[PDB]
Amino acid sequence: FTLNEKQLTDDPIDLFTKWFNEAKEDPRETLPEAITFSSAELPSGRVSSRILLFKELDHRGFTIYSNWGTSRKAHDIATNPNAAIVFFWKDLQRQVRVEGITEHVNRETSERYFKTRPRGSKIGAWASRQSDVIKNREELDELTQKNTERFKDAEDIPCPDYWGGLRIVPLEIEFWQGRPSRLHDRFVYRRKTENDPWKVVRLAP
Amino acid sequence: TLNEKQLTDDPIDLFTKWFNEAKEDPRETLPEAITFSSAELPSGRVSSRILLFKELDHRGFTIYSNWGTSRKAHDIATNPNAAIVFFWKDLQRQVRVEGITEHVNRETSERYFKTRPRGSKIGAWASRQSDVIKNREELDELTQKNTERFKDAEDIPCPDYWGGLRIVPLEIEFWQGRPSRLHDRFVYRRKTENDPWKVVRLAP
Ligand SMILES: Cc1cc2nc3c(=O)[nH]c(=O)nc-3n(C[C@H](O)[C@H](O)[C@H](O)COP(=O)(O)O)c2cc1C
Ligand SMILES: Cc1cc2nc3c(=O)[nH]c(=O)nc-3n(C[C@H](O)[C@H](O)[C@H](O)COP(=O)(O)O)c2cc1C
(Lines give C-alpha, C1' and ligand atoms only; values in the text may rest on other atoms or scores of the structure.)
(Ligands and ions follow the chains in the order given, each with its own letter.)
Protein backbone atom coordinates (compact mmCIF):
# COMPACT_ATOMS: atom_id res chain seq x y z
CA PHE A 1 0.00 0.00 0.00
CA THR A 2 3.00 2.24 -0.52
CA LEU A 3 4.42 2.98 -3.94
CA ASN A 4 8.09 3.56 -4.64
CA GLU A 5 10.48 3.76 -7.60
CA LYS A 6 11.57 0.18 -6.85
CA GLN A 7 8.07 -1.18 -7.53
CA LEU A 8 7.77 0.64 -10.86
CA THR A 9 7.76 -1.63 -13.91
CA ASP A 10 9.11 -0.90 -17.36
CA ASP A 11 5.76 -1.24 -19.09
CA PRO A 12 3.11 0.64 -17.07
CA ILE A 13 0.76 -2.12 -18.22
CA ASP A 14 2.56 -4.48 -15.86
CA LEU A 15 1.97 -2.36 -12.81
CA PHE A 16 -1.65 -1.99 -13.96
CA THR A 17 -2.33 -5.71 -14.12
CA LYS A 18 -0.63 -6.19 -10.78
CA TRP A 19 -2.82 -3.54 -9.17
CA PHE A 20 -5.94 -4.71 -10.98
CA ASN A 21 -5.43 -8.34 -10.02
CA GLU A 22 -4.94 -7.26 -6.40
CA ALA A 23 -8.26 -5.37 -6.60
CA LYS A 24 -10.09 -8.44 -7.97
CA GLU A 25 -8.35 -10.53 -5.26
CA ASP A 26 -9.52 -8.13 -2.58
CA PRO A 27 -13.07 -8.84 -1.36
CA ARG A 28 -13.33 -5.21 -0.20
CA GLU A 29 -13.28 -4.14 -3.83
CA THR A 30 -16.52 -5.58 -5.18
CA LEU A 31 -16.48 -3.96 -8.64
CA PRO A 32 -12.85 -3.30 -9.66
CA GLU A 33 -13.65 -2.92 -13.38
CA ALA A 34 -15.93 0.05 -12.72
CA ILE A 35 -14.47 3.25 -14.17
CA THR A 36 -15.42 6.79 -15.06
CA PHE A 37 -15.17 7.32 -18.80
CA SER A 38 -14.67 11.00 -19.52
CA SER A 39 -14.88 12.52 -22.97
CA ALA A 40 -15.33 15.96 -24.44
CA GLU A 41 -16.86 17.52 -27.53
CA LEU A 42 -13.91 19.04 -29.37
CA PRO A 43 -15.27 22.15 -30.96
CA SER A 44 -17.19 23.48 -27.96
CA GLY A 45 -14.99 21.91 -25.32
CA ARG A 46 -17.92 20.60 -23.30
CA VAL A 47 -17.08 17.76 -20.93
CA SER A 48 -19.26 14.74 -20.30
CA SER A 49 -18.60 11.70 -18.11
CA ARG A 50 -20.31 8.49 -17.02
CA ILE A 51 -19.62 5.19 -15.31
CA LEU A 52 -18.72 2.13 -17.35
CA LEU A 53 -16.99 -1.21 -16.90
CA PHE A 54 -13.45 -1.85 -18.01
CA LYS A 55 -13.34 -5.06 -20.06
CA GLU A 56 -9.71 -5.83 -20.81
CA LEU A 57 -6.43 -4.70 -22.34
CA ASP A 58 -5.36 -5.81 -25.82
CA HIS A 59 -2.21 -5.34 -27.94
CA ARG A 60 -2.60 -1.53 -27.93
CA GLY A 61 -4.63 -0.18 -25.00
CA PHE A 62 -7.57 -0.28 -22.57
CA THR A 63 -10.86 -1.56 -23.95
CA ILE A 64 -14.48 -0.81 -22.98
CA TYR A 65 -17.68 -2.04 -24.58
CA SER A 66 -20.83 0.03 -25.01
CA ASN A 67 -22.85 1.93 -27.64
CA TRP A 68 -20.30 4.02 -29.56
CA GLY A 69 -22.65 5.22 -32.27
CA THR A 70 -25.79 7.00 -31.05
CA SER A 71 -24.91 7.76 -27.41
CA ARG A 72 -23.54 11.03 -26.03
CA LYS A 73 -20.07 9.54 -25.54
CA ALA A 74 -20.14 8.41 -29.19
CA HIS A 75 -20.86 11.95 -30.34
CA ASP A 76 -18.00 13.35 -28.25
CA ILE A 77 -15.55 10.76 -29.46
CA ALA A 78 -16.72 11.22 -33.05
CA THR A 79 -15.68 14.86 -32.78
CA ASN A 80 -12.64 14.23 -30.61
CA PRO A 81 -10.77 10.89 -30.45
CA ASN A 82 -9.50 11.54 -26.94
CA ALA A 83 -10.67 10.12 -23.64
CA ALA A 84 -9.76 9.49 -20.01
CA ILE A 85 -10.77 6.78 -17.56
CA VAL A 86 -10.21 6.47 -13.83
CA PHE A 87 -10.11 3.35 -11.72
CA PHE A 88 -10.82 4.17 -8.09
CA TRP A 89 -10.41 1.52 -5.40
CA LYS A 90 -11.68 3.33 -2.27
CA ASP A 91 -10.62 0.72 0.24
CA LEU A 92 -7.27 0.02 -1.36
CA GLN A 93 -6.87 3.82 -1.39
CA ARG A 94 -5.74 3.55 -5.02
CA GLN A 95 -6.66 5.40 -8.17
CA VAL A 96 -5.37 4.81 -11.68
CA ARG A 97 -5.67 7.38 -14.45
CA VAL A 98 -5.44 6.45 -18.11
CA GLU A 99 -5.43 9.20 -20.71
CA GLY A 100 -4.97 8.54 -24.42
CA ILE A 101 -6.41 8.57 -27.96
CA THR A 102 -9.50 6.49 -28.71
CA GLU A 103 -9.88 3.76 -31.33
CA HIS A 104 -12.75 1.55 -32.36
CA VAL A 105 -12.09 -2.08 -31.59
CA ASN A 106 -12.09 -4.70 -34.37
CA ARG A 107 -15.59 -5.47 -35.69
CA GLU A 108 -14.92 -9.18 -35.24
CA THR A 109 -14.05 -8.89 -31.54
CA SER A 110 -16.94 -6.47 -31.00
CA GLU A 111 -19.30 -9.16 -32.35
CA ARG A 112 -17.46 -12.00 -30.61
CA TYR A 113 -17.97 -10.51 -27.15
CA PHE A 114 -21.50 -9.38 -28.02
CA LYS A 115 -22.35 -13.08 -28.47
CA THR A 116 -21.16 -14.02 -24.98
CA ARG A 117 -23.57 -11.47 -23.45
CA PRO A 118 -26.87 -12.87 -22.08
CA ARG A 119 -29.82 -13.09 -24.46
CA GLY A 120 -31.82 -10.53 -22.54
CA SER A 121 -28.82 -8.23 -22.95
CA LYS A 122 -28.32 -8.94 -26.66
CA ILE A 123 -31.97 -7.97 -27.19
CA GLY A 124 -31.73 -4.92 -24.96
CA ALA A 125 -28.97 -3.60 -27.21
CA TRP A 126 -31.37 -3.48 -30.14
CA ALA A 127 -34.41 -2.14 -28.30
CA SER A 128 -32.57 0.68 -26.53
CA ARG A 129 -31.14 3.56 -28.56
CA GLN A 130 -28.83 4.67 -25.74
CA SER A 131 -29.12 8.31 -24.66
CA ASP A 132 -31.96 8.96 -27.10
CA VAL A 133 -34.97 10.78 -25.66
CA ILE A 134 -38.13 8.77 -24.95
CA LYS A 135 -41.65 9.35 -23.63
CA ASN A 136 -41.52 6.96 -20.69
CA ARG A 137 -40.97 3.41 -19.47
CA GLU A 138 -43.89 2.26 -21.61
CA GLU A 139 -42.23 3.42 -24.82
CA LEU A 140 -39.16 1.55 -23.60
CA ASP A 141 -40.96 -1.73 -22.82
CA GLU A 142 -42.98 -1.50 -26.02
CA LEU A 143 -39.60 -1.58 -27.74
CA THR A 144 -38.22 -4.38 -25.57
CA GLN A 145 -41.36 -6.45 -26.19
CA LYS A 146 -41.29 -5.75 -29.93
CA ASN A 147 -37.66 -6.80 -30.15
CA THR A 148 -38.03 -9.77 -27.83
CA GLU A 149 -40.77 -10.82 -30.25
CA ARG A 150 -38.75 -9.66 -33.28
CA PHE A 151 -35.84 -11.96 -32.41
CA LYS A 152 -38.05 -14.62 -30.75
CA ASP A 153 -37.55 -16.90 -33.76
CA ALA A 154 -33.73 -16.78 -33.69
CA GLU A 155 -30.97 -18.73 -31.93
CA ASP A 156 -28.14 -16.17 -31.81
CA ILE A 157 -29.11 -12.47 -31.77
CA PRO A 158 -27.15 -10.21 -34.23
CA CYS A 159 -24.90 -7.35 -33.12
CA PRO A 160 -26.02 -3.76 -33.71
CA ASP A 161 -23.70 -1.57 -35.78
CA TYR A 162 -23.63 1.02 -32.96
CA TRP A 163 -22.58 -1.45 -30.26
CA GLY A 164 -19.05 -2.72 -29.88
CA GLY A 165 -15.69 -2.06 -28.32
CA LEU A 166 -13.51 1.06 -28.22
CA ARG A 167 -9.95 1.24 -26.96
CA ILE A 168 -7.92 3.97 -25.35
CA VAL A 169 -4.30 4.03 -26.47
CA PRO A 170 -2.55 5.49 -23.37
CA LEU A 171 -0.38 8.60 -23.53
CA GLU A 172 -0.51 9.04 -19.77
CA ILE A 173 -1.09 6.55 -17.01
CA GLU A 174 -0.97 7.64 -13.39
CA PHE A 175 -0.63 5.43 -10.35
CA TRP A 176 -1.88 7.23 -7.25
CA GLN A 177 -1.62 5.62 -3.80
CA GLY A 178 -3.14 7.52 -0.90
CA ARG A 179 -1.69 7.81 2.61
CA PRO A 180 -3.72 9.15 5.56
CA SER A 181 -0.75 11.53 5.75
CA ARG A 182 -2.19 13.29 2.65
CA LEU A 183 1.27 12.92 1.08
CA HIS A 184 0.13 10.32 -1.44
CA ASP A 185 2.56 8.53 -3.74
CA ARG A 186 2.06 9.77 -7.31
CA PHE A 187 3.72 8.29 -10.40
CA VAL A 188 2.82 9.07 -13.99
CA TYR A 189 4.02 7.36 -17.17
CA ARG A 190 3.98 9.46 -20.35
CA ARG A 191 4.81 9.45 -24.05
CA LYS A 192 3.92 12.31 -26.40
CA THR A 193 3.24 9.64 -29.00
CA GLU A 194 2.19 6.02 -29.09
CA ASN A 195 5.66 5.57 -30.60
CA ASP A 196 7.63 7.36 -27.89
CA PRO A 197 9.31 5.54 -25.01
CA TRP A 198 7.32 5.72 -21.77
CA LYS A 199 8.71 8.10 -19.12
CA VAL A 200 8.10 7.84 -15.37
CA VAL A 201 8.07 10.75 -12.99
CA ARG A 202 6.96 11.59 -9.43
CA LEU A 203 4.19 14.14 -9.03
CA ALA A 204 3.44 16.27 -5.99
CA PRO A 205 0.14 15.16 -4.36
CA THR B 1 -37.08 3.73 -8.21
CA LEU B 2 -37.27 6.84 -10.40
CA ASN B 3 -40.42 8.17 -12.09
CA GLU B 4 -41.82 11.43 -13.41
CA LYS B 5 -43.79 11.75 -10.17
CA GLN B 6 -40.63 12.00 -8.06
CA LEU B 7 -39.03 14.69 -10.25
CA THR B 8 -38.75 18.09 -8.61
CA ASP B 9 -38.91 21.50 -10.22
CA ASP B 10 -35.36 22.48 -9.31
CA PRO B 11 -33.03 19.53 -10.04
CA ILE B 12 -31.10 20.73 -7.01
CA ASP B 13 -33.93 19.43 -4.84
CA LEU B 14 -33.78 15.93 -6.21
CA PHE B 15 -29.98 16.12 -5.76
CA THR B 16 -30.08 16.98 -2.05
CA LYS B 17 -32.73 14.31 -1.48
CA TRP B 18 -30.54 11.71 -3.19
CA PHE B 19 -27.38 12.97 -1.53
CA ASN B 20 -28.90 12.99 1.95
CA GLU B 21 -30.11 9.44 1.36
CA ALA B 22 -26.53 8.45 0.45
CA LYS B 23 -25.14 10.03 3.63
CA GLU B 24 -27.94 8.33 5.60
CA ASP B 25 -27.00 5.02 4.05
CA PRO B 26 -24.18 3.19 5.90
CA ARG B 27 -23.47 1.21 2.73
CA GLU B 28 -22.30 4.42 1.09
CA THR B 29 -19.22 5.31 3.12
CA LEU B 30 -17.97 8.24 1.00
CA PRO B 31 -20.96 9.85 -0.80
CA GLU B 32 -19.10 13.10 -1.53
CA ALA B 33 -16.48 11.30 -3.63
CA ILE B 34 -16.76 12.29 -7.29
CA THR B 35 -14.85 12.12 -10.54
CA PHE B 36 -14.00 15.60 -11.74
CA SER B 37 -13.46 15.58 -15.47
CA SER B 38 -11.95 18.43 -17.43
CA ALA B 39 -10.42 18.95 -20.85
CA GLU B 40 -7.77 21.16 -22.41
CA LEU B 41 -9.70 23.23 -24.94
CA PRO B 42 -7.36 23.71 -27.81
CA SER B 43 -6.06 20.12 -28.07
CA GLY B 44 -9.16 18.46 -26.71
CA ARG B 45 -7.24 16.19 -24.35
CA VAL B 46 -9.32 14.80 -21.49
CA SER B 47 -8.11 14.39 -17.93
CA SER B 48 -9.97 13.15 -14.86
CA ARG B 49 -9.35 12.48 -11.18
CA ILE B 50 -11.19 11.77 -7.96
CA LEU B 51 -12.19 14.62 -5.65
CA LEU B 52 -14.64 15.32 -2.85
CA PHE B 53 -17.79 17.31 -3.40
CA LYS B 54 -18.01 20.02 -0.69
CA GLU B 55 -21.41 21.68 -1.06
CA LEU B 56 -23.81 23.61 -3.26
CA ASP B 57 -24.12 27.40 -3.09
CA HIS B 58 -26.40 29.99 -4.70
CA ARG B 59 -25.19 29.02 -8.20
CA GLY B 60 -23.75 25.52 -8.47
CA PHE B 61 -21.70 22.55 -7.21
CA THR B 62 -18.51 23.45 -5.35
CA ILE B 63 -15.26 21.56 -4.92
CA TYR B 64 -12.08 22.65 -3.13
CA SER B 65 -8.56 21.89 -4.32
CA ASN B 66 -5.55 23.49 -6.04
CA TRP B 67 -6.97 25.43 -9.00
CA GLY B 68 -3.75 27.18 -9.93
CA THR B 69 -0.75 24.91 -10.61
CA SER B 70 -2.40 21.50 -10.98
CA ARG B 71 -3.32 19.75 -14.21
CA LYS B 72 -7.05 20.39 -13.65
CA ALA B 73 -6.22 24.08 -13.17
CA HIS B 74 -4.46 24.17 -16.52
CA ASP B 75 -7.42 22.52 -18.25
CA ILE B 76 -10.00 24.82 -16.67
CA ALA B 77 -7.80 27.85 -17.36
CA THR B 78 -8.06 27.04 -21.06
CA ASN B 79 -11.63 25.77 -20.95
CA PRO B 80 -14.16 26.77 -18.25
CA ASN B 81 -16.17 23.59 -18.60
CA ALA B 82 -16.22 20.53 -16.37
CA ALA B 83 -18.22 17.48 -15.42
CA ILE B 84 -18.55 15.49 -12.22
CA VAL B 85 -20.16 12.14 -11.45
CA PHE B 86 -21.49 10.91 -8.15
CA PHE B 87 -21.63 7.12 -8.10
CA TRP B 88 -23.31 5.24 -5.27
CA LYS B 89 -22.59 1.59 -6.14
CA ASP B 90 -24.85 0.03 -3.52
CA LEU B 91 -27.71 2.46 -4.04
CA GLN B 92 -27.27 1.71 -7.74
CA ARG B 93 -27.36 5.45 -8.43
CA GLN B 94 -25.22 7.84 -10.43
CA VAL B 95 -25.64 11.58 -10.78
CA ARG B 96 -24.05 13.54 -13.62
CA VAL B 97 -23.43 17.26 -13.41
CA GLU B 98 -22.16 19.12 -16.47
CA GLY B 99 -21.73 22.89 -16.54
CA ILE B 100 -19.42 25.91 -16.81
CA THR B 101 -16.77 26.43 -14.12
CA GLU B 102 -16.28 29.44 -11.87
CA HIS B 103 -13.80 30.32 -9.18
CA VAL B 104 -15.45 30.56 -5.79
CA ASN B 105 -15.25 33.77 -3.74
CA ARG B 106 -11.77 34.45 -2.29
CA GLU B 107 -13.31 34.99 1.14
CA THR B 108 -15.09 31.62 1.23
CA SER B 109 -11.99 29.96 -0.20
CA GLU B 110 -10.00 31.27 2.77
CA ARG B 111 -12.83 30.67 5.26
CA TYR B 112 -12.99 26.96 4.56
CA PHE B 113 -9.19 26.72 4.29
CA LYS B 114 -9.07 27.81 7.96
CA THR B 115 -11.36 24.98 9.08
CA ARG B 116 -8.96 22.40 7.59
CA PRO B 117 -6.55 20.70 10.03
CA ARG B 118 -3.18 22.35 10.64
CA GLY B 119 -1.30 19.47 9.06
CA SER B 120 -3.48 20.06 6.02
CA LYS B 121 -3.08 23.82 5.94
CA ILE B 122 0.69 23.25 5.94
CA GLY B 123 0.50 20.53 3.32
CA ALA B 124 -1.17 22.99 0.94
CA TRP B 125 1.93 25.19 1.04
CA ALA B 126 4.56 22.46 0.87
CA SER B 127 2.99 20.55 -2.02
CA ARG B 128 2.85 22.14 -5.47
CA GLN B 129 0.15 19.75 -6.70
CA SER B 130 0.95 17.82 -9.89
CA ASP B 131 4.41 19.38 -10.13
CA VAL B 132 7.23 16.96 -10.81
CA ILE B 133 9.54 16.01 -7.94
CA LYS B 134 12.61 13.84 -7.33
CA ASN B 135 11.16 11.61 -4.62
CA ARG B 136 9.55 11.39 -1.18
CA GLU B 137 12.60 13.03 0.33
CA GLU B 138 12.19 16.19 -1.77
CA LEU B 139 8.58 16.13 -0.60
CA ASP B 140 9.30 15.75 3.12
CA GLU B 141 12.13 18.28 2.94
CA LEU B 142 9.39 20.66 1.81
CA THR B 143 6.93 19.55 4.49
CA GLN B 144 9.56 19.91 7.22
CA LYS B 145 10.69 23.29 5.88
CA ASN B 146 7.07 24.55 5.84
CA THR B 147 6.14 22.97 9.15
CA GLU B 148 9.15 24.89 10.50
CA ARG B 149 8.32 27.93 8.34
CA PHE B 150 4.84 28.23 9.88
CA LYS B 151 5.88 26.81 13.28
CA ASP B 152 5.78 30.30 14.81
CA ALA B 153 2.21 31.06 13.67
CA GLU B 154 -1.28 30.48 15.08
CA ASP B 155 -3.44 30.39 11.92
CA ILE B 156 -1.74 29.31 8.65
CA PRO B 157 -2.38 31.55 5.57
CA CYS B 158 -4.16 30.33 2.43
CA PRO B 159 -2.16 29.85 -0.76
CA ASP B 160 -3.27 31.81 -3.80
CA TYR B 161 -3.54 28.58 -5.80
CA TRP B 162 -5.79 26.84 -3.28
CA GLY B 163 -9.51 27.54 -3.01
CA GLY B 164 -12.94 26.61 -4.28
CA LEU B 165 -14.35 26.33 -7.81
CA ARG B 166 -17.98 25.84 -8.70
CA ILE B 167 -19.74 24.17 -11.59
CA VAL B 168 -22.82 26.01 -12.80
CA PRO B 169 -24.96 23.14 -14.17
CA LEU B 170 -26.29 23.04 -17.72
CA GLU B 171 -27.06 19.35 -17.47
CA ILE B 172 -27.81 17.18 -14.48
CA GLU B 173 -28.67 13.52 -14.97
CA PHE B 174 -30.30 11.24 -12.47
CA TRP B 175 -29.55 7.60 -13.29
CA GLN B 176 -31.10 4.74 -11.30
CA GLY B 177 -30.07 1.21 -12.22
CA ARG B 178 -32.30 -1.86 -12.32
CA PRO B 179 -30.90 -5.41 -12.57
CA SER B 180 -33.19 -5.47 -15.59
CA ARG B 181 -30.61 -3.23 -17.33
CA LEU B 182 -33.50 -0.89 -18.20
CA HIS B 183 -32.34 1.83 -15.84
CA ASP B 184 -34.37 4.98 -15.17
CA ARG B 185 -32.68 7.98 -16.79
CA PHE B 186 -33.76 11.60 -16.37
CA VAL B 187 -31.76 14.60 -17.44
CA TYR B 188 -32.37 18.27 -16.67
CA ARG B 189 -31.02 20.80 -19.21
CA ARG B 190 -30.80 24.50 -20.02
CA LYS B 191 -28.64 25.85 -22.84
CA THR B 192 -27.90 28.78 -20.58
CA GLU B 193 -27.72 29.50 -16.89
CA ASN B 194 -30.67 31.78 -17.64
CA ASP B 195 -32.82 29.23 -19.45
CA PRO B 196 -35.59 27.31 -17.68
CA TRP B 197 -34.60 23.75 -16.78
CA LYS B 198 -36.10 20.99 -19.01
CA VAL B 199 -36.59 17.37 -17.92
CA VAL B 200 -36.55 14.44 -20.29
CA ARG B 201 -36.30 10.63 -20.21
CA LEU B 202 -33.27 9.05 -21.80
CA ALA B 203 -32.94 5.52 -23.12
CA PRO B 204 -30.52 3.49 -20.93
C1 LIG C 1 -21.71 0.34 -12.72
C2 LIG C 1 -22.19 0.75 -14.12
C3 LIG C 1 -21.83 0.07 -15.24
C4 LIG C 1 -22.26 0.45 -16.58
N5 LIG C 1 -21.84 -0.29 -17.66
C6 LIG C 1 -22.22 0.06 -18.88
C7 LIG C 1 -21.79 -0.69 -20.07
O8 LIG C 1 -21.07 -1.69 -20.03
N9 LIG C 1 -22.24 -0.22 -21.26
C10 LIG C 1 -23.08 0.92 -21.43
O11 LIG C 1 -23.39 1.20 -22.55
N12 LIG C 1 -23.49 1.62 -20.33
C13 LIG C 1 -23.10 1.24 -19.11
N14 LIG C 1 -23.52 1.95 -18.00
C15 LIG C 1 -24.41 3.11 -18.26
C16 LIG C 1 -23.75 4.46 -18.29
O17 LIG C 1 -23.17 4.83 -17.04
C18 LIG C 1 -24.78 5.55 -18.62
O19 LIG C 1 -26.10 4.97 -18.91
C20 LIG C 1 -24.36 6.44 -19.76
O21 LIG C 1 -25.41 7.40 -19.95
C22 LIG C 1 -24.17 5.76 -21.10
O23 LIG C 1 -23.73 6.69 -22.16
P24 LIG C 1 -23.94 8.30 -22.28
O25 LIG C 1 -23.22 9.03 -21.17
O26 LIG C 1 -23.22 8.61 -23.63
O27 LIG C 1 -25.40 8.60 -22.31
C28 LIG C 1 -23.12 1.61 -16.68
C29 LIG C 1 -23.48 2.29 -15.49
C30 LIG C 1 -23.06 1.93 -14.23
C31 LIG C 1 -23.47 2.71 -13.02
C1 LIG D 1 -10.85 9.73 -2.45
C2 LIG D 1 -9.97 10.88 -2.96
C3 LIG D 1 -10.18 12.17 -2.60
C4 LIG D 1 -9.38 13.28 -3.07
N5 LIG D 1 -9.67 14.54 -2.66
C6 LIG D 1 -8.94 15.55 -3.11
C7 LIG D 1 -9.23 16.93 -2.70
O8 LIG D 1 -10.16 17.23 -1.93
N9 LIG D 1 -8.42 17.88 -3.23
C10 LIG D 1 -7.33 17.64 -4.12
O11 LIG D 1 -6.70 18.58 -4.50
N12 LIG D 1 -7.06 16.36 -4.49
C13 LIG D 1 -7.80 15.36 -4.04
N14 LIG D 1 -7.53 14.08 -4.42
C15 LIG D 1 -6.39 13.88 -5.33
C16 LIG D 1 -6.79 14.01 -6.79
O17 LIG D 1 -7.73 13.05 -7.20
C18 LIG D 1 -5.59 13.81 -7.70
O19 LIG D 1 -4.33 13.77 -6.94
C20 LIG D 1 -5.48 14.85 -8.76
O21 LIG D 1 -4.32 14.52 -9.53
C22 LIG D 1 -5.30 16.27 -8.27
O23 LIG D 1 -5.23 17.24 -9.38
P24 LIG D 1 -4.63 17.03 -10.89
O25 LIG D 1 -5.47 16.04 -11.64
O26 LIG D 1 -4.84 18.44 -11.55
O27 LIG D 1 -3.19 16.59 -10.79
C28 LIG D 1 -8.29 12.96 -3.97
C29 LIG D 1 -8.09 11.61 -4.35
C30 LIG D 1 -8.88 10.56 -3.90
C31 LIG D 1 -8.60 9.15 -4.35
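Residues numbered from 1 in each chain as written, not as in the entry; some residues may be left out. Chains lettered and ligands numbered in written order. Heavy atoms only, no water. Residues with missing side-chain atoms left out of burial classes, pairs and counts.

Going by the PDB entry, chain B carries the name PROTEIN (PNP OXIDASE) and comes from Saccharomyces cerevisiae. Within the Protein Data Bank, this record goes by the title "PNP OXIDASE FROM SACCHAROMYCES CEREVISIAE". Word for word, the UniProt comment on chain B under Function is "Catalyzes the oxidation of either pyridoxine 5'-phosphate (PNP) or pyridoxamine 5'-phosphate (PMP) into pyridoxal 5'-phosphate (PLP)." What UniProt records for chain B under Sequence similarities is the sentence "Belongs to the pyridoxamine 5'-phosphate oxidase family." (UniProt positions renumbered as here; feature names shortened; annotations may be inferred.)

In the nomenclature of the PDB entry, chain A is known as PROTEIN (PNP OXIDASE) of Saccharomyces cerevisiae. As stated in UniProt under Subcellular location, the record for chain A gives "Mitochondrion intermembrane space".

J.: What is the right way to look at the overall build of chain A in this model?
T.: Looking only at helices and strands, chain A has five helices and ten strands in total. In terms of overall dimensions, chain A has C-alpha extents of about 60 × 40 × 30 Å along its principal axes. If you take every contact in chain A between residues at least 6 apart in sequence, the share linking residues at least 24 apart comes to 62%. (Helix = DSSP H or I, 4+ residues; strand = E, 2+ residues; numbered from the N terminus. Contact = heavy atoms within 4.5 Å.)

J.: Which parts of the structure should I look at to understand the site of ligand 1?
T.: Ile51(A), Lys73(A), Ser131(A), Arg96(B) and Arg185(B) are the nearest of the 16 residues found near ligand 1. More than one chain lines the surroundings of ligand 1; the residues nearby belong to chains A and B. Contact with the protein chains covers 87% of the free accessible surface of ligand 1, which is 620 Å². For the shell around ligand 1, the secondary structure elements donating two or more residues are strand 2 (46–53), strand 4 (62–67) and helix 2 (72–79) of chain A together with strand 6 (93–103) of chain B. Looking at side-chain class alone, the shell around ligand 1 contains six nonpolar, five polar and five charged residues. (Near = heavy atom within 4 Å. Areas by Shrake-Rupley, 256 points an atom, 1.4 Å probe, with all protein chains shown as cover. Nonpolar A, V, L, I, M, F, W, Y, C, P; charged D, E, K, R; others polar.)

J.: Whenever I open this one, the site of ligand 2 confuses me. Can you help?
T.: Near ligand 2, the surroundings consist of 16 residues, among which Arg97(A), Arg49(B), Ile50(B), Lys72(B) and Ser130(B) are the closest. Flanking ligand 2 are residues from chains A and B. One nitrogen or oxygen atom from the main chain of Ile50(B) is found 2.3 Å from an oxygen atom belonging to ligand 2. One of the backbone N or O atoms of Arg71(B) is found 2.9 Å from an oxygen atom in ligand 2. For ligand 2, whose free accessible area comes to 620 Å², the fraction covered by protein is 87%. Only strand 6 (94–104) of chain A together with strand 2 (45–52), strand 4 (61–66) and helix 2 (71–78) of chain B provide two or more residues apiece to the shell around ligand 2. Looking at which element gives the most residues to the shell around ligand 2, the answer is strand 2 of chain B, with four residues. Each residue belonging to the shell around ligand 2 can be placed in one class, and the counts come to six nonpolar, five polar and five charged. (Polar contact = N/O pair within 3.5 Å; in protein donor to acceptor, adjacent residues only side chain to side chain.)

J.: Where do I start with the packing of helix 4 (residues 119–127) of chain A against helix 5 (residues 137–150) of chain A in this structure?
T.: Helix packing for two helices is described by the angle between their axes and how far apart those axes are. All names here are of chain A. At a minimum axis distance of 9 Å, the contact between helix 4 and helix 5 shows a crossing angle of 120 degrees. Between helix 4 and helix 5, the angle is such that the two are oblique. Judged by the sense of rotation from one axis to the other, the crossing of helix 4 with helix 5 is right-handed. Here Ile-123, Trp-126 and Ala-127 of helix 4 come into contact with helix 5, specifically with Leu-143, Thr-144, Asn-147 and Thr-148. Its residues assigned to classes, the contact of helix 4 with helix 5 comprises four nonpolar, three polar and no charged. (Axes fitted to C-alpha atoms, helices over the stretch in contact; angles between N-to-C directions. Parallel < 35°, antiparallel > 145°, perpendicular 65-115°, else oblique. Left-handed = near helix turned anticlockwise from the far one by under 90°.)

J.: Whenever I open this one, empty space enclosed by the protein confuses me. Can you help?
T.: Think of a ball as big as a water molecule: rolled over the atoms, this probe shows where empty space is left. The computed volume of the largest cavity comes to approximately 240 Å³. What lines the largest cavity is a set of 22 residues, and nearest its centre among them are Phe88(A), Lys90(A), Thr35(B), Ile50(B) and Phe87(B). At the level of secondary structure, the elements contributing two or more residues to the lining of the largest cavity comprise strand 1 (34–41) and strand 5 (82–89) of chain A together with strand 1 (33–40) and strand 5 (81–88) of chain B. Looking at which element gives the most residues to the lining of the largest cavity, the answer is strand 5 of chain B, with four residues. Split by residue class, the lining of the largest cavity holds 17 nonpolar, two polar and three charged. (1 Å grid on protein atoms, 1.4 Å probe; cavity = no way out; pocket = protein on both sides within 12 Å on 5 of 7 lines; lining within 4 Å. Points joined across faces, edges and corners; volume = space filled by probe spheres on them.)

J.: What exactly am I supposed to notice about the interface of chain A and chain B here?
T.: The extent of an interface is frequently quoted as the accessible surface area lost upon association of the parts. Residue-level contacts link 58 residues of chain A with 58 residues of chain B. Between chain A and chain B, a total of about 4,600 Å² is buried, with carbon and sulfur atoms accounting for 51% of that surface. Between the two partners, chain A and chain B, sit ten salt bridges. In this structure, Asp185(A) engages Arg136(B) in a salt bridge whose closest nitrogen and oxygen atoms are separated by 2.7 Å. (Buried area = accessible area lost by both parts, 1.4 Å probe. Salt bridge = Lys/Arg side-chain N within 4 Å of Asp/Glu carboxyl O.)

J.: Would you explain unusual backbone geometry in this entry?
T.: Peptide bonds are mostly trans, and most non-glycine residues show a negative phi. Residue and element names in this part refer to chain A. You will see that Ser-131, though not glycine, has its phi angle at about 70 degrees, which is positive. Its location among the elements puts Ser-131 in the loop between helix 4 and strand 7 (133–134). By relative accessible area, which is 19% here, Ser-131 ends up buried. (Buried < 20%, exposed > 50% of the residue type's maximum accessible area, 1.4 Å probe, protein only.)

J.: Hey, could you run me through the packing of helix 4 (residues 118–126) of chain B against helix 5 (residues 136–149) of chain B in this one?
T.: Residues and elements named next belong to chain B. It is at 9 Å that the axes of helix 4 and helix 5 come closest, and there the two elements cross at 120 degrees. Comparing the axis directions of helix 4 and helix 5 gives the class oblique. As for how helix 4 packs across helix 5, the hand of that crossing is right-handed. Seen from helix 4, the contacting residues are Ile-122, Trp-125 and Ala-126; seen from helix 5, they are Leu-142, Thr-143, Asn-146 and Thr-147. For the contact of helix 4 with helix 5, the class distribution of residues is four nonpolar, three polar and no charged.

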